[PDB]
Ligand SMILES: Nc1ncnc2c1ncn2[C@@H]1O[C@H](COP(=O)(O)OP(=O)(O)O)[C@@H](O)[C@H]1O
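Quick setup: one chain, the form solved without the ligand, written in structure tokens, and binding and motion questions come after.
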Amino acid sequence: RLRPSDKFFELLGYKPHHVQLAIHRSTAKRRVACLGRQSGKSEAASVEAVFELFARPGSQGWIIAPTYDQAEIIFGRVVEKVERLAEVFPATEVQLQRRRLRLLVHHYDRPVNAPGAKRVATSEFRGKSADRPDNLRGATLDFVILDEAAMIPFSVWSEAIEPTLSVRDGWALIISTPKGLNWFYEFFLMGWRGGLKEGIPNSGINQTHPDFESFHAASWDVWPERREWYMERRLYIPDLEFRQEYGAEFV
């Protein structure tokens, strides 16, 4: 049900831009964001995780990226936010295992500093890596974040993530700069209701699934004052790399 509110953002120190805000307001179980670099993907994803850990005690979630080093980015941001925020929820206590990328938020039946405090629930967030399929062994997930999803093999989604989500009817936030016409393109299109758009083949004539909602932004959509700087980089950046990483185009 509940999405993080303006009050929750204010507690966090978070001031979302327009694309971020659209993602947070979406209630879709499959949110797919095709965004250029510097889009605010990481921060937005991290706020989603923070909200679940406190607002749904006992919730479990993963952030998955192509590598552990990539996964550490969103994980690290969730850790900072959770450790700080916990201060204003006296009935919580945070436990961190940095090496195992495991974050626990223990929920109690009274303030943690009170005598007799009993643990009632534990929310859990882990960082996972697509290049380490061996550590992708089950959990019952309420939510999942896929970072740089277009670089993650579809099998990771279809075999190791989607099944453990459909159980608790959990949600997925699937984020990436595009890597051509692969599974991330397909999932994007399933949620795309913004009509015909250059860079997106079959936009405007595509069908959509009701559980899907998709978002699109070039770097210069988020940062208009950087548009000229982005364009002038084409002098030394190959065209395809430019169109994908900044244009967020499916080529």
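Numbering starts at 1 and follows the sequence shown.
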item	value
Selected stretch [higher average CA B-factor]: 28-36 or 64-72	64-72
Between the two ranges 77-85 and 161-169, the one averaging a larger CA B factor in the entry	161-169
Options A91, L101, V105, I174 - largest CA temperature factor per the record	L101
Third of the chain's Cα B-factor distribution that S123 belongs to, per the entry	lowest
Chain thirds of CA B-factor: placement of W223	middle
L146 - which third its CA temperature factor falls in, relative to the rest of the chain	lowest
Within-chain third of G191 by Cα B-factor, per the entry	lowest
Relative C-alpha B-factor of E43, binned into the chain's lowest, middle or highest third	middle
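There is another form of this protein, the form deposited with the ligand bound, and it is not shown here; the text below is about that form.
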query	finding
Candidate stretches 35-43, 183-191, 200-208, 52-60 - the one whose heavy atoms come within 4.5 Å of the ligand in the deposited bound form	35-43
4.5 angstroms heavy atom contact with the ligand in the deposited bound form for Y14	yes
Distance check, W223 to the ligand in the deposited bound form, heavy atom within 4.5 Å	yes
The ligand contact at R77 in the deposited bound form, heavy atom, 4.5 Å	yes
